[PDB]
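Data block for data21.cif (mmCIF, N, CA and C atoms):
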data_upload
#
loop_
_atom_site.label_atom_id
_atom_site.label_comp_id
_atom_site.auth_asym_id
_atom_site.auth_seq_id
_atom_site.Cartn_x
_atom_site.Cartn_y
_atom_site.Cartn_z
N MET M 1 -3.11 12.31 -5.43
CA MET M 1 -4.21 11.45 -5.90
C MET M 1 -4.59 10.56 -4.75
N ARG M 2 -5.78 10.79 -4.22
CA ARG M 2 -6.30 9.97 -3.15
C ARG M 2 -6.75 8.63 -3.68
N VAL M 3 -6.84 7.66 -2.76
CA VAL M 3 -7.34 6.32 -2.96
C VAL M 3 -7.85 5.84 -1.59
N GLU M 4 -9.13 5.50 -1.46
CA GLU M 4 -9.73 4.97 -0.23
C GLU M 4 -9.84 3.45 -0.34
N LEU M 5 -9.50 2.73 0.72
CA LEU M 5 -9.55 1.28 0.81
C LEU M 5 -10.55 0.94 1.89
N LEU M 6 -11.74 0.53 1.48
CA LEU M 6 -12.70 -0.11 2.36
C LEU M 6 -12.35 -1.58 2.46
N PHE M 7 -12.52 -2.17 3.64
CA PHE M 7 -12.46 -3.60 3.92
C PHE M 7 -13.77 -3.99 4.61
N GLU M 8 -13.88 -5.26 4.97
CA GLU M 8 -14.93 -5.80 5.83
C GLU M 8 -14.78 -5.25 7.26
N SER M 9 -13.59 -5.39 7.85
CA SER M 9 -13.38 -5.04 9.26
C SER M 9 -13.43 -3.52 9.48
N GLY M 10 -12.99 -2.70 8.53
CA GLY M 10 -12.79 -1.26 8.70
C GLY M 10 -12.36 -0.65 7.38
N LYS M 11 -11.58 0.43 7.39
CA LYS M 11 -11.16 1.14 6.19
C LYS M 11 -9.94 2.01 6.48
N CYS M 12 -9.29 2.44 5.41
CA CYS M 12 -8.21 3.41 5.42
C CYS M 12 -8.28 4.22 4.14
N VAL M 13 -7.41 5.21 4.05
CA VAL M 13 -7.25 6.00 2.86
C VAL M 13 -5.75 6.24 2.75
N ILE M 14 -5.26 6.21 1.52
CA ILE M 14 -3.86 6.40 1.19
C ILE M 14 -3.80 7.46 0.08
N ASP M 15 -2.74 8.25 0.07
CA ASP M 15 -2.61 9.34 -0.92
C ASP M 15 -1.26 9.38 -1.58
N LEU M 16 -1.28 9.36 -2.92
CA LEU M 16 -0.15 9.05 -3.75
C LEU M 16 0.11 10.22 -4.69
N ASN M 17 1.38 10.59 -4.71
CA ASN M 17 1.92 11.73 -5.44
C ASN M 17 1.89 11.44 -6.95
N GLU M 18 1.23 12.27 -7.75
CA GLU M 18 0.94 12.04 -9.17
C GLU M 18 2.17 12.20 -10.09
N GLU M 19 3.38 12.35 -9.54
CA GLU M 19 4.57 12.56 -10.35
C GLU M 19 5.05 11.23 -10.95
N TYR M 20 4.44 10.12 -10.55
CA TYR M 20 4.95 8.79 -10.74
C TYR M 20 4.05 8.02 -11.69
N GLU M 21 4.67 7.36 -12.67
CA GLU M 21 4.00 6.65 -13.76
C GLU M 21 2.98 5.64 -13.21
N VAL M 22 3.35 4.89 -12.18
CA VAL M 22 2.49 3.94 -11.49
C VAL M 22 1.18 4.59 -11.00
N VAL M 23 1.20 5.79 -10.42
CA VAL M 23 -0.01 6.47 -9.93
C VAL M 23 -0.91 6.80 -11.13
N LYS M 24 -0.34 7.32 -12.23
CA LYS M 24 -1.07 7.62 -13.45
C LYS M 24 -1.68 6.34 -14.05
N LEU M 25 -0.95 5.22 -14.03
CA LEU M 25 -1.37 3.97 -14.66
C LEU M 25 -2.38 3.23 -13.79
N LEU M 26 -2.30 3.41 -12.47
CA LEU M 26 -3.30 3.00 -11.51
C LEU M 26 -4.64 3.67 -11.76
N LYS M 27 -4.66 4.84 -12.41
CA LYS M 27 -5.90 5.57 -12.66
C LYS M 27 -6.84 4.77 -13.58
N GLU M 28 -6.30 3.81 -14.34
CA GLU M 28 -7.07 2.93 -15.21
C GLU M 28 -7.69 1.76 -14.45
N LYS M 29 -7.22 1.51 -13.22
CA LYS M 29 -7.50 0.29 -12.48
C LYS M 29 -8.12 0.60 -11.12
N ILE M 30 -8.86 1.70 -10.96
CA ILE M 30 -9.54 2.05 -9.72
C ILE M 30 -10.98 2.42 -10.11
N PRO M 31 -12.01 2.05 -9.32
CA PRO M 31 -11.93 1.16 -8.17
C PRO M 31 -11.53 -0.27 -8.56
N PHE M 32 -11.01 -1.02 -7.59
CA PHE M 32 -10.73 -2.44 -7.75
C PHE M 32 -10.85 -3.14 -6.41
N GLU M 33 -10.91 -4.47 -6.40
CA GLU M 33 -11.00 -5.25 -5.18
C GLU M 33 -9.81 -6.19 -5.08
N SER M 34 -9.57 -6.79 -3.91
CA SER M 34 -8.49 -7.75 -3.74
C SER M 34 -8.64 -8.54 -2.44
N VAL M 35 -7.91 -9.65 -2.37
CA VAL M 35 -7.64 -10.38 -1.13
C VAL M 35 -6.68 -9.50 -0.34
N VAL M 36 -6.97 -9.29 0.94
CA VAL M 36 -6.10 -8.59 1.86
C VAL M 36 -5.14 -9.65 2.40
N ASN M 37 -3.92 -9.71 1.87
CA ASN M 37 -2.89 -10.60 2.38
C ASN M 37 -2.18 -9.89 3.53
N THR M 38 -1.58 -10.63 4.45
CA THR M 38 -0.96 -10.11 5.67
C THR M 38 0.46 -10.69 5.79
N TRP M 39 1.42 -9.98 6.41
CA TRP M 39 2.72 -10.57 6.72
C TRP M 39 3.20 -9.88 7.99
N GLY M 40 3.00 -10.54 9.13
CA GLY M 40 3.39 -10.03 10.43
C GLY M 40 2.52 -8.85 10.83
N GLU M 41 2.91 -7.64 10.43
CA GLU M 41 2.33 -6.36 10.82
C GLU M 41 2.29 -5.40 9.63
N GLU M 42 2.16 -5.96 8.43
CA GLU M 42 1.85 -5.24 7.21
C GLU M 42 0.75 -5.98 6.46
N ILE M 43 0.09 -5.27 5.54
CA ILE M 43 -0.95 -5.79 4.67
C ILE M 43 -0.55 -5.44 3.25
N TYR M 44 -0.82 -6.33 2.30
CA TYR M 44 -0.54 -6.12 0.89
C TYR M 44 -1.60 -6.86 0.09
N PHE M 45 -1.70 -6.60 -1.21
CA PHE M 45 -2.71 -7.23 -2.05
C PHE M 45 -2.20 -7.25 -3.48
N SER M 46 -2.70 -8.18 -4.29
CA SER M 46 -2.20 -8.43 -5.64
C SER M 46 -2.83 -7.44 -6.61
N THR M 47 -2.22 -6.27 -6.74
CA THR M 47 -2.72 -5.21 -7.61
C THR M 47 -2.84 -5.68 -9.07
N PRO M 48 -3.78 -5.11 -9.82
CA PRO M 48 -3.96 -5.39 -11.23
C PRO M 48 -2.96 -4.63 -12.12
N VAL M 49 -2.25 -3.63 -11.58
CA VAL M 49 -1.20 -2.92 -12.31
C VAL M 49 0.06 -3.78 -12.34
N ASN M 50 0.93 -3.49 -13.31
CA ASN M 50 2.25 -4.06 -13.43
C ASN M 50 3.18 -2.98 -13.97
N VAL M 51 4.00 -2.41 -13.08
CA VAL M 51 5.10 -1.50 -13.35
C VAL M 51 6.22 -1.94 -12.40
N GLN M 52 7.49 -1.81 -12.79
CA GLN M 52 8.64 -2.12 -11.94
C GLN M 52 9.64 -0.97 -11.80
N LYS M 53 9.47 0.11 -12.57
CA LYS M 53 10.21 1.35 -12.42
C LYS M 53 9.84 1.97 -11.06
N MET M 54 10.77 2.65 -10.39
CA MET M 54 10.61 3.17 -9.03
C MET M 54 11.33 4.51 -8.89
N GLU M 55 10.58 5.61 -8.86
CA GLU M 55 11.24 6.92 -8.90
C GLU M 55 11.89 7.32 -7.56
N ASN M 56 11.35 6.87 -6.42
CA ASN M 56 11.88 7.21 -5.09
C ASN M 56 11.99 5.95 -4.21
N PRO M 57 12.95 5.03 -4.46
CA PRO M 57 13.16 3.83 -3.65
C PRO M 57 13.70 4.17 -2.26
N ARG M 58 13.39 3.33 -1.27
CA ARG M 58 13.95 3.33 0.08
C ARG M 58 14.16 1.88 0.52
N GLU M 59 14.79 1.66 1.67
CA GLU M 59 14.98 0.34 2.27
C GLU M 59 14.45 0.27 3.71
N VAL M 60 13.71 1.29 4.15
CA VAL M 60 13.03 1.50 5.41
C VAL M 60 12.08 2.69 5.21
N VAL M 61 11.01 2.73 6.00
CA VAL M 61 9.95 3.74 5.92
C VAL M 61 9.52 4.13 7.34
N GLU M 62 8.48 4.96 7.45
CA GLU M 62 7.78 5.19 8.70
C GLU M 62 6.60 4.22 8.86
N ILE M 63 5.95 4.30 10.02
CA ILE M 63 4.78 3.49 10.38
C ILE M 63 3.52 3.99 9.65
N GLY M 64 3.62 4.97 8.74
CA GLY M 64 2.46 5.60 8.11
C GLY M 64 2.72 6.01 6.67
N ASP M 65 3.58 5.28 5.96
CA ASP M 65 3.91 5.56 4.55
C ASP M 65 3.45 4.39 3.69
N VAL M 66 3.48 4.55 2.36
CA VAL M 66 3.05 3.53 1.41
C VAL M 66 4.04 3.44 0.25
N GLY M 67 4.29 2.21 -0.18
CA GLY M 67 5.10 1.89 -1.34
C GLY M 67 4.35 0.99 -2.29
N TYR M 68 4.99 0.70 -3.42
CA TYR M 68 4.59 -0.38 -4.31
C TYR M 68 5.66 -1.46 -4.24
N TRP M 69 5.27 -2.73 -4.30
CA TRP M 69 6.16 -3.89 -4.28
C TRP M 69 6.23 -4.45 -5.70
N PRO M 70 7.13 -3.92 -6.55
CA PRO M 70 7.17 -4.25 -7.96
C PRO M 70 7.38 -5.75 -8.27
N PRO M 71 8.28 -6.49 -7.60
CA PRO M 71 8.71 -7.80 -8.06
C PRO M 71 7.58 -8.83 -7.97
N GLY M 72 6.57 -8.59 -7.12
CA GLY M 72 5.37 -9.39 -6.97
C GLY M 72 4.08 -8.66 -7.35
N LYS M 73 4.13 -7.52 -8.06
CA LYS M 73 2.94 -6.71 -8.39
C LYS M 73 2.01 -6.46 -7.18
N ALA M 74 2.56 -6.24 -5.98
CA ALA M 74 1.74 -6.04 -4.79
C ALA M 74 1.78 -4.58 -4.35
N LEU M 75 0.80 -4.18 -3.55
CA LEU M 75 0.90 -2.98 -2.73
C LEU M 75 1.71 -3.27 -1.47
N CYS M 76 1.89 -2.28 -0.60
CA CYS M 76 2.16 -2.48 0.82
C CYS M 76 1.36 -1.46 1.65
N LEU M 77 1.23 -1.71 2.96
CA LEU M 77 0.58 -0.91 3.98
C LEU M 77 1.32 -1.24 5.27
N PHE M 78 2.21 -0.36 5.70
CA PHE M 78 3.08 -0.59 6.85
C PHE M 78 2.49 0.14 8.05
N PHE M 79 2.14 -0.58 9.13
CA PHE M 79 1.51 0.01 10.31
C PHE M 79 2.07 -0.56 11.63
N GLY M 80 3.05 -1.46 11.56
CA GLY M 80 3.85 -1.88 12.70
C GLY M 80 5.15 -2.51 12.20
N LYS M 81 5.99 -2.97 13.13
CA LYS M 81 7.28 -3.57 12.78
C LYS M 81 7.05 -5.03 12.42
N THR M 82 7.14 -5.32 11.13
CA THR M 82 7.18 -6.66 10.58
C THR M 82 8.38 -7.45 11.12
N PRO M 83 8.41 -8.78 10.95
CA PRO M 83 9.50 -9.61 11.45
C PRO M 83 10.82 -9.44 10.68
N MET M 84 10.90 -8.57 9.67
CA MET M 84 12.04 -8.52 8.76
C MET M 84 12.89 -7.28 9.05
N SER M 85 13.39 -7.18 10.27
CA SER M 85 14.16 -6.03 10.71
C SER M 85 14.99 -6.38 11.94
N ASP M 86 15.71 -5.38 12.44
CA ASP M 86 16.11 -5.34 13.83
C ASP M 86 15.92 -3.92 14.31
N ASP M 87 16.66 -2.98 13.70
CA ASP M 87 16.75 -1.60 14.18
C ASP M 87 15.51 -0.80 13.84
N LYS M 88 15.02 -0.95 12.61
CA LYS M 88 14.09 -0.04 11.95
C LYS M 88 13.23 -0.84 11.00
N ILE M 89 12.10 -0.28 10.58
CA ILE M 89 11.05 -1.01 9.88
C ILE M 89 11.45 -1.09 8.40
N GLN M 90 12.33 -2.05 8.11
CA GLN M 90 12.74 -2.36 6.76
C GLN M 90 11.64 -3.24 6.13
N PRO M 91 11.32 -3.05 4.84
CA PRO M 91 10.40 -3.90 4.08
C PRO M 91 11.10 -5.08 3.41
N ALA M 92 10.29 -5.91 2.75
CA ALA M 92 10.72 -7.06 1.96
C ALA M 92 11.67 -6.73 0.80
N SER M 93 11.79 -5.47 0.37
CA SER M 93 12.64 -5.09 -0.76
C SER M 93 12.85 -3.59 -0.77
N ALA M 94 13.70 -3.09 -1.66
CA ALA M 94 13.89 -1.68 -1.91
C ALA M 94 12.64 -1.15 -2.62
N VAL M 95 11.57 -0.90 -1.87
CA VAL M 95 10.31 -0.39 -2.41
C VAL M 95 10.41 1.12 -2.51
N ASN M 96 9.73 1.69 -3.50
CA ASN M 96 9.47 3.12 -3.49
C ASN M 96 8.58 3.53 -2.34
N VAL M 97 8.67 4.81 -2.00
CA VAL M 97 7.73 5.50 -1.14
C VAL M 97 7.07 6.52 -2.04
N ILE M 98 5.87 6.17 -2.52
CA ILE M 98 5.08 6.99 -3.43
C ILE M 98 3.80 7.50 -2.77
N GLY M 99 3.41 6.89 -1.64
CA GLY M 99 2.18 7.21 -0.97
C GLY M 99 2.37 7.40 0.52
N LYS M 100 1.27 7.78 1.17
CA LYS M 100 1.18 8.09 2.58
C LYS M 100 -0.08 7.42 3.08
N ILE M 101 -0.02 6.73 4.22
CA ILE M 101 -1.21 6.32 4.94
C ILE M 101 -1.72 7.61 5.56
N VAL M 102 -2.66 8.27 4.89
CA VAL M 102 -3.24 9.49 5.45
C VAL M 102 -4.25 9.14 6.55
N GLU M 103 -4.81 7.94 6.52
CA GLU M 103 -5.87 7.51 7.42
C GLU M 103 -5.77 6.00 7.68
N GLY M 104 -6.35 5.54 8.79
CA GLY M 104 -6.72 4.15 9.03
C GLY M 104 -5.68 3.40 9.86
N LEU M 105 -4.75 4.12 10.49
CA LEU M 105 -3.52 3.55 11.01
C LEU M 105 -3.71 2.59 12.18
N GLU M 106 -4.90 2.52 12.78
CA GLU M 106 -5.20 1.61 13.88
C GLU M 106 -6.10 0.48 13.40
N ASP M 107 -7.02 0.76 12.47
CA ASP M 107 -7.98 -0.23 11.95
C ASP M 107 -7.28 -1.28 11.09
N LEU M 108 -6.07 -1.00 10.62
CA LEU M 108 -5.27 -1.97 9.89
C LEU M 108 -4.82 -3.14 10.79
N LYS M 109 -4.63 -2.97 12.10
CA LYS M 109 -4.29 -4.08 12.99
C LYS M 109 -5.41 -5.10 13.13
N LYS M 110 -6.67 -4.72 12.88
CA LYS M 110 -7.82 -5.57 13.15
C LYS M 110 -8.33 -6.30 11.91
N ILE M 111 -7.66 -6.20 10.76
CA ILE M 111 -8.04 -6.93 9.56
C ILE M 111 -7.64 -8.41 9.73
N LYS M 112 -8.16 -9.29 8.87
CA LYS M 112 -7.73 -10.68 8.71
C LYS M 112 -7.02 -10.79 7.37
N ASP M 113 -6.42 -11.94 7.12
CA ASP M 113 -5.79 -12.33 5.86
C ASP M 113 -6.81 -12.64 4.75
N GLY M 114 -7.93 -11.91 4.70
CA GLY M 114 -8.97 -12.11 3.70
C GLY M 114 -10.23 -11.30 3.98
N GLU M 115 -10.12 -9.99 4.20
CA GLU M 115 -11.27 -9.11 4.50
C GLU M 115 -11.71 -8.25 3.31
N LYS M 116 -11.43 -8.71 2.09
CA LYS M 116 -11.90 -8.14 0.82
C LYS M 116 -11.80 -6.62 0.77
N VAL M 117 -10.65 -6.12 0.34
CA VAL M 117 -10.54 -4.69 0.08
C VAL M 117 -11.38 -4.39 -1.17
N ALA M 118 -12.05 -3.24 -1.17
CA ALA M 118 -12.61 -2.57 -2.34
C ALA M 118 -12.04 -1.15 -2.35
N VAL M 119 -10.95 -0.99 -3.09
CA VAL M 119 -10.21 0.22 -3.36
C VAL M 119 -11.07 1.16 -4.21
N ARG M 120 -11.05 2.47 -3.95
CA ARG M 120 -11.71 3.54 -4.72
C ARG M 120 -10.78 4.77 -4.80
N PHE M 121 -11.15 5.85 -5.50
CA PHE M 121 -10.35 7.08 -5.68
C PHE M 121 -10.36 8.07 -4.51
N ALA M 122 -11.12 7.71 -3.50
CA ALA M 122 -11.61 8.62 -2.47
C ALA M 122 -12.37 9.79 -3.10
N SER M 123 -12.58 10.83 -2.29
CA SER M 123 -13.34 12.06 -2.52
C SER M 123 -14.74 11.90 -3.12
N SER M 124 -15.26 10.68 -3.08
CA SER M 124 -16.63 10.48 -2.64
C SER M 124 -16.67 11.05 -1.22
#

Can you present the structure in this file as structure tokens?
Amino acid sequence: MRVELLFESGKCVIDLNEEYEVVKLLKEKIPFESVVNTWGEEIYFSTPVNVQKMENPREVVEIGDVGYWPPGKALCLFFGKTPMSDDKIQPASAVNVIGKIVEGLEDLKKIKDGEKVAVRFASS
């Protein structure tokens, strides 16, 4: 299940495996908009969904994967090493890896902490 994220500065697209309740429940809440929040070298936003179940949790990811941040109802978008590591790009919590940054991996560095995402399903 694709999802395209347009911002003011640029855009990306992320793609999420439909085996997961959160992806199905997100289908009720797309398109949507949000404040693009930032933390070091990741971007997240206050999603309108609320699920805390996690079918495939991890404690580190690649520079091009996507999770959900259940405890704060946020997304994540990991595109560099945040300040919360030493060896490897560990996130703020044991987040699932349910999605992939299929696109946008350089334009994410040029966003601000408020470039108004407007999320869509992609395949427009």

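Between atom CA of residue M:11 and atom CA of residue M:39 lies a distance of 18.2 Å.
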
Just the residues within 7 Å of residue M:113, please, counting all atoms listed in the file, with nothing from its chain fewer than 6 positions along; format it as a ChimeraX atom specification.
/M:35-38

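Running the PyMOL selection byres ((chain M and resi 53) around 8) on this file leaves residues 21, 22, 50, 51, 52, 54, 55, 56, 57, 70 and 96 of chain M selected.
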
Test item, strand (DSSP E or B) assignment across chain M, answer as a PDB file with N, CA and C atoms, in the coordinates of the input:
ATOM      1  N   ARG M   2      -5.780  10.790  -4.220  1.00  0.00           N
ATOM      2  CA  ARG M   2      -6.300   9.970  -3.150  1.00  0.00           C
ATOM      3  C   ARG M   2      -6.750   8.630  -3.680  1.00  0.00           C
ATOM      4  N   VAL M   3      -6.840   7.660  -2.760  1.00  0.00           N
ATOM      5  CA  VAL M   3      -7.340   6.320  -2.960  1.00  0.00           C
ATOM      6  C   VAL M   3      -7.850   5.840  -1.590  1.00  0.00           C
ATOM      7  N   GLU M   4      -9.130   5.500  -1.460  1.00  0.00           N
ATOM      8  CA  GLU M   4      -9.730   4.970  -0.230  1.00  0.00           C
ATOM      9  C   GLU M   4      -9.840   3.450  -0.340  1.00  0.00           C
ATOM     10  N   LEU M   5      -9.500   2.730   0.720  1.00  0.00           N
ATOM     11  CA  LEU M   5      -9.550   1.280   0.810  1.00  0.00           C
ATOM     12  C   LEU M   5     -10.550   0.940   1.890  1.00  0.00           C
ATOM     13  N   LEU M   6     -11.740   0.530   1.480  1.00  0.00           N
ATOM     14  CA  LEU M   6     -12.700  -0.110   2.360  1.00  0.00           C
ATOM     15  C   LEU M   6     -12.350  -1.580   2.460  1.00  0.00           C
ATOM     16  N   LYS M  11     -11.580   0.430   7.390  1.00  0.00           N
ATOM     17  CA  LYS M  11     -11.160   1.140   6.190  1.00  0.00           C
ATOM     18  C   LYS M  11      -9.940   2.010   6.480  1.00  0.00           C
ATOM     19  N   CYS M  12      -9.290   2.440   5.410  1.00  0.00           N
ATOM     20  CA  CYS M  12      -8.210   3.410   5.420  1.00  0.00           C
ATOM     21  C   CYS M  12      -8.280   4.220   4.140  1.00  0.00           C
ATOM     22  N   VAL M  13      -7.410   5.210   4.050  1.00  0.00           N
ATOM     23  CA  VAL M  13      -7.250   6.000   2.860  1.00  0.00           C
ATOM     24  C   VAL M  13      -5.750   6.240   2.750  1.00  0.00           C
ATOM     25  N   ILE M  14      -5.260   6.210   1.520  1.00  0.00           N
ATOM     26  CA  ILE M  14      -3.860   6.400   1.190  1.00  0.00           C
ATOM     27  C   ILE M  14      -3.800   7.460   0.080  1.00  0.00           C
ATOM     28  N   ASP M  15      -2.740   8.250   0.070  1.00  0.00           N
ATOM     29  CA  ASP M  15      -2.610   9.340  -0.920  1.00  0.00           C
ATOM     30  C   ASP M  15      -1.260   9.380  -1.580  1.00  0.00           C
ATOM     31  N   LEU M  16      -1.280   9.360  -2.920  1.00  0.00           N
ATOM     32  CA  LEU M  16      -0.150   9.050  -3.750  1.00  0.00           C
ATOM     33  C   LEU M  16       0.110  10.220  -4.690  1.00  0.00           C
ATOM     34  N   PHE M  32     -11.010  -1.020  -7.590  1.00  0.00           N
ATOM     35  CA  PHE M  32     -10.730  -2.440  -7.750  1.00  0.00           C
ATOM     36  C   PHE M  32     -10.850  -3.140  -6.410  1.00  0.00           C
ATOM     37  N   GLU M  33     -10.910  -4.470  -6.400  1.00  0.00           N
ATOM     38  CA  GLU M  33     -11.000  -5.250  -5.180  1.00  0.00           C
ATOM     39  C   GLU M  33      -9.810  -6.190  -5.080  1.00  0.00           C
ATOM     40  N   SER M  34      -9.570  -6.790  -3.910  1.00  0.00           N
ATOM     41  CA  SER M  34      -8.490  -7.750  -3.740  1.00  0.00           C
ATOM     42  C   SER M  34      -8.640  -8.540  -2.440  1.00  0.00           C
ATOM     43  N   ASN M  37      -3.920  -9.710   1.870  1.00  0.00           N
ATOM     44  CA  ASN M  37      -2.890 -10.600   2.380  1.00  0.00           C
ATOM     45  C   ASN M  37      -2.180  -9.890   3.530  1.00  0.00           C
ATOM     46  N   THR M  38      -1.580 -10.630   4.450  1.00  0.00           N
ATOM     47  CA  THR M  38      -0.960 -10.110   5.670  1.00  0.00           C
ATOM     48  C   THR M  38       0.460 -10.690   5.790  1.00  0.00           C
ATOM     49  N   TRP M  39       1.420  -9.980   6.410  1.00  0.00           N
ATOM     50  CA  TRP M  39       2.720 -10.570   6.720  1.00  0.00           C
ATOM     51  C   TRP M  39       3.200  -9.880   7.990  1.00  0.00           C
ATOM     52  N   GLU M  42       2.160  -5.960   8.430  1.00  0.00           N
ATOM     53  CA  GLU M  42       1.850  -5.240   7.210  1.00  0.00           C
ATOM     54  C   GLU M  42       0.750  -5.980   6.460  1.00  0.00           C
ATOM     55  N   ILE M  43       0.090  -5.270   5.540  1.00  0.00           N
ATOM     56  CA  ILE M  43      -0.950  -5.790   4.670  1.00  0.00           C
ATOM     57  C   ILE M  43      -0.550  -5.440   3.250  1.00  0.00           C
ATOM     58  N   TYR M  44      -0.820  -6.330   2.300  1.00  0.00           N
ATOM     59  CA  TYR M  44      -0.540  -6.120   0.890  1.00  0.00           C
ATOM     60  C   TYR M  44      -1.600  -6.860   0.090  1.00  0.00           C
ATOM     61  N   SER M  46      -2.700  -8.180  -4.290  1.00  0.00           N
ATOM     62  CA  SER M  46      -2.200  -8.430  -5.640  1.00  0.00           C
ATOM     63  C   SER M  46      -2.830  -7.440  -6.610  1.00  0.00           C
ATOM     64  N   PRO M  57      12.950   5.030  -4.460  1.00  0.00           N
ATOM     65  CA  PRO M  57      13.160   3.830  -3.650  1.00  0.00           C
ATOM     66  C   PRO M  57      13.700   4.170  -2.260  1.00  0.00           C
ATOM     67  N   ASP M  65       3.580   5.280   5.960  1.00  0.00           N
ATOM     68  CA  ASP M  65       3.910   5.560   4.550  1.00  0.00           C
ATOM     69  C   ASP M  65       3.450   4.390   3.690  1.00  0.00           C
ATOM     70  N   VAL M  66       3.480   4.550   2.360  1.00  0.00           N
ATOM     71  CA  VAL M  66       3.050   3.530   1.410  1.00  0.00           C
ATOM     72  C   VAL M  66       4.040   3.440   0.250  1.00  0.00           C
ATOM     73  N   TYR M  68       4.990   0.700  -3.420  1.00  0.00           N
ATOM     74  CA  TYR M  68       4.590  -0.380  -4.310  1.00  0.00           C
ATOM     75  C   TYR M  68       5.660  -1.460  -4.240  1.00  0.00           C
ATOM     76  N   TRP M  69       5.270  -2.730  -4.300  1.00  0.00           N
ATOM     77  CA  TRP M  69       6.160  -3.890  -4.280  1.00  0.00           C
ATOM     78  C   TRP M  69       6.230  -4.450  -5.700  1.00  0.00           C
ATOM     79  N   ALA M  74       2.560  -6.240  -5.980  1.00  0.00           N
ATOM     80  CA  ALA M  74       1.740  -6.040  -4.790  1.00  0.00           C
ATOM     81  C   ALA M  74       1.780  -4.580  -4.350  1.00  0.00           C
ATOM     82  N   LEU M  75       0.800  -4.180  -3.550  1.00  0.00           N
ATOM     83  CA  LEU M  75       0.900  -2.980  -2.730  1.00  0.00           C
ATOM     84  C   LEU M  75       1.710  -3.270  -1.470  1.00  0.00           C
ATOM     85  N   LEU M  77       1.230  -1.710   2.960  1.00  0.00           N
ATOM     86  CA  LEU M  77       0.580  -0.910   3.980  1.00  0.00           C
ATOM     87  C   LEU M  77       1.320  -1.240   5.270  1.00  0.00           C
ATOM     88  N   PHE M  78       2.210  -0.360   5.700  1.00  0.00           N
ATOM     89  CA  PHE M  78       3.080  -0.590   6.850  1.00  0.00           C
ATOM     90  C   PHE M  78       2.490   0.140   8.050  1.00  0.00           C
ATOM     91  N   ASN M  96       9.730   1.690  -3.500  1.00  0.00           N
ATOM     92  CA  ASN M  96       9.470   3.120  -3.490  1.00  0.00           C
ATOM     93  C   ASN M  96       8.580   3.530  -2.340  1.00  0.00           C
ATOM     94  N   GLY M  99       3.410   6.890  -1.640  1.00  0.00           N
ATOM     95  CA  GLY M  99       2.180   7.210  -0.970  1.00  0.00           C
ATOM     96  C   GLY M  99       2.370   7.400   0.520  1.00  0.00           C
ATOM     97  N   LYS M 100       1.270   7.780   1.170  1.00  0.00           N
ATOM     98  CA  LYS M 100       1.180   8.090   2.580  1.00  0.00           C
ATOM     99  C   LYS M 100      -0.080   7.420   3.080  1.00  0.00           C
ATOM    100  N   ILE M 101      -0.020   6.730   4.220  1.00  0.00           N
ATOM    101  CA  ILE M 101      -1.210   6.320   4.940  1.00  0.00           C
ATOM    102  C   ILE M 101      -1.720   7.610   5.560  1.00  0.00           C
ATOM    103  N   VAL M 102      -2.660   8.270   4.890  1.00  0.00           N
ATOM    104  CA  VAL M 102      -3.240   9.490   5.450  1.00  0.00           C
ATOM    105  C   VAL M 102      -4.250   9.140   6.550  1.00  0.00           C
ATOM    106  N   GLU M 103      -4.810   7.940   6.520  1.00  0.00           N
ATOM    107  CA  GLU M 103      -5.870   7.510   7.420  1.00  0.00           C
ATOM    108  C   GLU M 103      -5.770   6.000   7.680  1.00  0.00           C
ATOM    109  N   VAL M 117     -10.650  -6.120   0.340  1.00  0.00           N
ATOM    110  CA  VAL M 117     -10.540  -4.690   0.080  1.00  0.00           C
ATOM    111  C   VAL M 117     -11.380  -4.390  -1.170  1.00  0.00           C
ATOM    112  N   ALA M 118     -12.050  -3.240  -1.170  1.00  0.00           N
ATOM    113  CA  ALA M 118     -12.610  -2.570  -2.340  1.00  0.00           C
ATOM    114  C   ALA M 118     -12.040  -1.150  -2.350  1.00  0.00           C
ATOM    115  N   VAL M 119     -10.950  -0.990  -3.090  1.00  0.00           N
ATOM    116  CA  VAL M 119     -10.210   0.220  -3.360  1.00  0.00           C
ATOM    117  C   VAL M 119     -11.070   1.160  -4.210  1.00  0.00           C
ATOM    118  N   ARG M 120     -11.050   2.470  -3.950  1.00  0.00           N
ATOM    119  CA  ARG M 120     -11.710   3.540  -4.720  1.00  0.00           C
ATOM    120  C   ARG M 120     -10.780   4.770  -4.800  1.00  0.00           C
TER     121      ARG M 120
END

Using only N, CA and C atoms, which of the listed residues (M:45, M:94, M:121, M:111) sits closest to residue M:5?
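The shortest atom-to-atom distance to residue M:5 comes from M:121.
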
With DSSP run on the backbone, what are the alpha helix (DSSP H) residues within chain M? I'd like them as a PyMOL selection string.
chain M and resi 21-26

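Evaluating the PyMOL selection byres ((chain M and resi 1) around 6) against the shown model yields residues 2, 3, 14, 15, 16, 17 and 18 of chain M.
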
Out of M:115, M:41, M:61, M:101, which residue has the shortest atom-to-atom distance to residue M:83 when counting only N, CA and C atoms?
M:41

Figure out the distance between atom CA of residue M:31 and atom N of residue M:124, please, to one decimal in Å.
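One can read the atom N of residue M:124 to atom CA of residue M:31 distance as 11.3 Å.
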
So which residues touch residue M:79 within 7 Å, counting only N, CA and C atoms, skipping near sequence neighbours fewer than 4 positions away, as a ChimeraX atom specification?
/M:41-43,62-65,105

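Closest to residue M:20 among M:110, M:98, M:80, M:60 is M:98, based on only N, CA and C atoms.
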
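Relative to atom N of residue M:59, atom CA of residue M:114 is found at 27.5 Å.
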
Exactly which residues make up the result of the PyMOL selection byres ((chain M and resi 76) around 6) on this file, given as a PyMOL selection string?
chain M and resi 43-45+66-69+74-75+77-78

Could you pull the residues within 10 Å of residue M:29, counting only C-alpha atoms, minus those fewer than 4 positions along the same chain, as an NGL selection string?
:M and (24-25 or 33 or 47-49 or 119-120)

Nearest-residue call for residue M:104, choices M:4, M:32, M:82, M:12, using only C-alpha atoms
M:12

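Counting only N, CA and C atoms, the residue from M:7, M:117, M:27, M:58 that sits nearest to residue M:91 is M:58.
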
Calculate, to one decimal in Å, the centre and edge lengths of the box along x, y and z of the file that holds all listed atoms of stretch 56-67 of chain M with 5 Å of margin on each side, and present them as AutoDock Vina command-line options.
--center_x 8.7 --center_y 3.7 --center_z 2.0 --size_x 22.5 --size_y 16.9 --size_z 26.8
